Amino acid sequence: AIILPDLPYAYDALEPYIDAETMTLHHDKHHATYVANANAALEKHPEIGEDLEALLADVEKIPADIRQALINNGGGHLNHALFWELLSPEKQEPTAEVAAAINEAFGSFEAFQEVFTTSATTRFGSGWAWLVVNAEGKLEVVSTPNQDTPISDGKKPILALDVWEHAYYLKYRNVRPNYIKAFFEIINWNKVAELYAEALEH
Amino acid sequence: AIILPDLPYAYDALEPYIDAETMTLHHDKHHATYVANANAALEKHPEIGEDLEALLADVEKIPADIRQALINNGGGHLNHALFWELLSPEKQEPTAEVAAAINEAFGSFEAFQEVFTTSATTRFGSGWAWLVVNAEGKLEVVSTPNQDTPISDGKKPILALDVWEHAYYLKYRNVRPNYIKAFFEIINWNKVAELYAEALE
Ligand SMILES: [Fe+3]
Ligand SMILES: [Fe+3]
């Protein structure tokens, strides 16, 4: 069964940039729901196993009677599990490997930050902004709706920002640009590096 | 230009069911932004006029360059303008013909409320739950994503509930069902009636 992972840090470890109340609800209610619902789907189809990264890579291969349920809830699990690991109680900067990759794709960190900020800001309705490795090993910024993940498009996420209103409304209310700015103070660049390196390996 | 309508009641008129801070943000920030973005789009195309209901009923006739922006922001304005009118600061009950139509269509009001509540809770992500009069003059519950409106599908709304998290999160947090229950205390049934009568015309 899919298990709800604990946060890597205290509920208040990302203050003042994300409030503890939001960390609490976000993890203990939202993410827990996704996990429950993902487990309900998977239990109908024990034959498919519980490797959600692999299952979500080709959604058409998921059995039709649980396909949207698994996309939405298995995707909600994957995305939030990743999100928590990508947040750091301590300030960081991109490691050399990642900074070089960013410059290769976007020219400069400032350009990347503009592009990713824009992606996060213009996502209409619920969704996520991502930095991903494509099948050629090169970086892209993309956003997705609801709990859709770029894994389903053959991409490997290295950075993820939740832009559902639940992720920011208690502190930031309508002002999602302030939330997006705040995120850049709490990125776990070392975790981005790990995911980047893993994406190149095979 | 599209004008932001004032609320029909004070910001705190729906308390304790909807908090004032939400009403204020929702109207003054969210709906205002939809209006501003809708005007920015229409200003590129003055020759199309500003009849958003007509424009959104057949979106394939809004120019392509502003089509999505007008769906999202034109639709955000129409949906929110309707929603403020559908809320009542004192307790109302269904009018007779609307009650009867609901019992014919749904069995009982309690079943209708269940159906509507299911639609509202299962709308995944952002969107709206609706009671509409379809092309046959028949009642249907449906949900839509984002700011999509059933008028784009030839359906006439008589009840609408915003289930974007901005509409409920400050008070209800994750518990969208408690917000939906609260809505049922604050429906303007008189408005529902007007809308229903117009749909059947
Ligand atoms: Fe979330
Ligand atoms: Fe709204």
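Positions of Cβ are backbone-derived with ideal geometry, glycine not excepted, and every protein chain shown enters the neighbour counts. Here, each number is a calculation from the coordinates, and none is a lab measurement.
Key figures
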item: Net charge dipole size for region B:92-139 [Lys, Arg +1 and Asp, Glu -1 on Cβ; Debye, nearest 20]; result: 240
item: Projected label distance in nm at residue B:105 and residue A:198, using a 7 Å step from Cα toward the beta-carbon; result: 4.9
item: GNM flexibility winner over chain B from B:150, B:46, B:177 (Cα, springs under 10 Å); result: B:46
item: Region A:19-88: relative contact order as a whole-number percent, Cα under 8 Å and 6+ apart; result: 39
item: Average other protein chain Cβ within 10 Å of Cβ, residues A:166-173; result: 4
item: Filtered chymotrypsin sites (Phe, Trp or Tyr not before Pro), region A:25-93: DSSP coil and at most 14 other beta carbons within 10 Å; result: none
item: Theoretical ellipticity at 222 nm over chain B - DSSP helices of four or more residues, -39500 (n - 2.57) apiece, nearest 500; result: -12000 deg cm²/dmol
item: Cross-link pairs beyond the 19 Å C-alpha cut-off, checked among B:61/B:191; B:29/B:156; A:61/A:138; A:155/A:191; result: B:61/B:191; B:29/B:156; A:61/A:138
item: Using a Förster distance of 45 Å, the FRET efficiency for residue A:90-residue B:178 (Cβ separation, nearest 0.05); result: 0.75
item: Separation between Cα centres of region B:109-176 and region A:112-155, rounded to whole Å; result: 29
item: Dipole magnitude of region A:1-95 about its Cα centre (Cβ charges: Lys, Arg +1; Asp, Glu -1), debye to nearest 20; result: 280
item: Among B:101, B:40, B:64: highest mean-square fluctuation, GNM of chain B, C-alpha pairs under 10 Å; result: B:64
item: Debye, to nearest 20: dipole size of chain B, +1 on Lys, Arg Cβ, -1 on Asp, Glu Cβ; result: 600
item: Region B:52-201: relative contact order as a whole-number percent, Cα under 8 Å and 6+ apart; result: 29
item: Ranked packing of B:11-23, A:119-131, most packed first, by mean Cβ within 10 Å; result: A:119-131, B:11-23
item: Positive-end residue of A:81, A:32, A:69, charge dipole of region A:19-88 with Cβ unit charges; result: A:69
item: Cα gyration tensor category, rounded, prolate or oblate, for region B:1-141 with a/c compared to 1.5; result: oblate
item: Which of B:167, B:13, A:195, positive extreme of dipole for the protein assembly as shown (C-beta unit charges); result: B:13
